[PDB]
Amino acid sequence: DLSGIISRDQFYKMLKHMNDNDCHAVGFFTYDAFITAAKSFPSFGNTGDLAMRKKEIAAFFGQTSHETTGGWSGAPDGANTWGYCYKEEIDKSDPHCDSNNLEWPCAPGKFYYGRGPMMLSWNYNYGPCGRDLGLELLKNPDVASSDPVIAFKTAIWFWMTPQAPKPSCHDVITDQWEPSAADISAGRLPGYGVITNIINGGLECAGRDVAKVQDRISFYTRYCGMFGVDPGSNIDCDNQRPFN
């Protein structure tokens, strides 16, 4: 299974500062929770040859490490060793409630700020995620940051789920996505860049936030080196139009 693609040793070598006193979610994100969560998504890390499976895992941790990073220029061992420092958004002031969404209504008093490795946010994402995971995330979003299995499940759910016009990150990284004519025109080609685009393209790609994109790339390149895989082509999204 996945344990033969990413070992416990590898997991903690990647996330080598997350259990440091300087981080904020010490002991929360465990290797065991990761392996358990991945079982709800059997194709994740299990599609293709060993190099492809390792590249998928590197990409998943590259992106989620950025979403949860505590890194900066002077962080011990380098900024790209400080993934998984947070388990939820620092700024909790906004409930992230779209009261115009009728399918996934906001539960009164509840806040849908970012939680988990992918920083799942908004009632309209907690809703479908909860539906697909068989969990009451819309009524009780806080479970996404109190239970590390649920936390990882929300991240893997995001990774595996197409949200038109977007393919899933999974499909892109496993060479199962065939770009449309519109994608081609927009410079959206298979690679890590289009995964950044799927996750936060509107705020980062087309050169909108080079710093954030470079941090995403820095984690990914580090992890690819540790796994012994090539990060591949189209790693950046500075020449891609955001999806809509």
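What counts, and at which threshold
- Residues numbered from 1 in each chain as written, not as in the entry; some residues may be left out.
- Heavy atoms only, no water.
- Salt bridge = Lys/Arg side-chain N within 4 Å of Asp/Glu carboxyl O.
- Buried < 20%, exposed > 50% of the residue type's maximum accessible area, 1.4 Å probe, protein only.
- Domains from an automatic or database assignment.
- Contact = heavy atoms within 4.5 Å.
- Buried area = accessible area lost by both parts, 1.4 Å probe.
- Polar contact = N/O pair within 3.5 Å; in protein donor to acceptor, adjacent residues only side chain to side chain.
- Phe/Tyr/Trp six-rings, centres within 6.5 Å; stacked < 30°, edge-to-face > 60°.
- Helix = DSSP H or I, 4+ residues; strand = E, 2+ residues; numbered from the N terminus.
- Core = buried A, V, L, I, M, F, W, Y, C linked by side-chain atoms within 4.5 Å.
- Disulfide = S-S within 2.5 Å.

For this coordinate set, the PDB header names X-ray crystallography as the determination method and states a resolution of 1.530 Å.

Chemist: Let's hear about the pattern of salt bridges: which residues, and what values?
Modeler: According to the stated counting rule, one finds six salt bridges in the structure shown. Its salt-bridge partner being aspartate 209, residue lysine 212 comes within 2.6 Å of it at the nearest N-O pair. Take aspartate 209: its relative accessible area is 22%, and that puts it in the partly exposed class. One salt-bridge network, in which partners are shared between bridges, spans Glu67, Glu204 and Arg216.

Chemist: Talk me through the domain arrangement of the protein; I want residue IDs and the actual numbers.
Modeler: According to the domain assignment, the protein consists of domain 1 (1–87 + 147–244) and domain 2 (88–146). Domain 1 and domain 2 are separated by 21 Å when their C-alpha centres are compared. The interface of domain 1 with domain 2 comprises 23 residues on the first partner and 19 residues on the second. When the buried area of domain 1 at its contact with domain 2 is split by residue, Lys87, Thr154 and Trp157 rank highest and sum to 38% of it. The tally of links from domain 1 across to domain 2 stands at zero salt bridges. The tally of links between domain 1 and domain 2 comes to four residue pairs in polar contact.

Chemist: Could you give an account of the packing of aromatic side chains, with specific residues and numbers?
Modeler: One pass over the full model with this rule turns up 22 aromatic pairs. Considering the side-chain rings of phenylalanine 28 and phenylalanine 29, the 5.0 Å spacing of their centres and the 80 degrees angle between planes classify their relative orientation as edge-to-face. Both residues of the pair, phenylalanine 28 and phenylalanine 29, count as buried. With centroids separated by 5.4 Å and ring planes inclined at 15 degrees, the aromatic side chains of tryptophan 122 and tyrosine 124 adopt a geometry described as stacked.

Chemist: Give a description of the environment of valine 194 that names residues and reports values.
Modeler: Here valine 194 lies in helix α9 (residues 192–204). The class for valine 194 is buried, based on a relative accessible area of 0%. Put simply, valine 194 and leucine 138 are 56 residues apart on the chain and 28 Å apart in space, counted from C-alpha to C-alpha. With sequence-adjacent residues up to four places away left out, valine 194 is seen in contact with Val172, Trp177, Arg188, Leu189, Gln240 and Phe243.

Chemist: Before we move on, can you summarise the nonpolar core with the specific residues and values?
Modeler: Counting 65 residues, the largest nonpolar core has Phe11, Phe34, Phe44, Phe60, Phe61 and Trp159 as its most contacted members. Breaking this core down by element, the ones donating at least two residues are α1 (8–14), α2 (31–38), α3 (50–67), α4 (123–133), α6 (148–160), α7 (169–173), α9 and α10 (210–227). Per element, the largest residue contribution to this core is nine residues, and it comes from α6. Counting contributing residues, this core receives three or more from each of domain 1 (1–87 + 147–244) and domain 2 (88–146). Discounting chain neighbours no more than four positions away, the residues touching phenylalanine 44 are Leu2, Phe34, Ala38, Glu56, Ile57, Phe60, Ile156, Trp159, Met160 and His170.

Chemist: Describe the state of the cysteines, with residues and values.
Modeler: Applying the stated criterion across every chain, the model contains three disulfides. Linked covalently through their sulfurs, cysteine 97 and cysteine 106 form a disulfide whose S-S length is 2.0 Å. Handedness of the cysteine 97-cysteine 106 disulfide follows from its S-S torsion of about 100 degrees: it is right-handed. If one numbers only the bonded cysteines of the protein, in the order they occur, the disulfide pattern is 1-2, 3-4, 5-6. Between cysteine 129, a free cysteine, and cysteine 169, which holds the nearest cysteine sulfur, the sulfur-to-sulfur gap is 14 Å. Given the relative accessible area of 0%, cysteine 129 is considered buried. A disulfide-free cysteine, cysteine 169 has its sulfur positioned 11 Å from the sulfur of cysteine 205, the nearest such atom. The exposure class of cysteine 169 is buried, given its relative accessible area of 1%.

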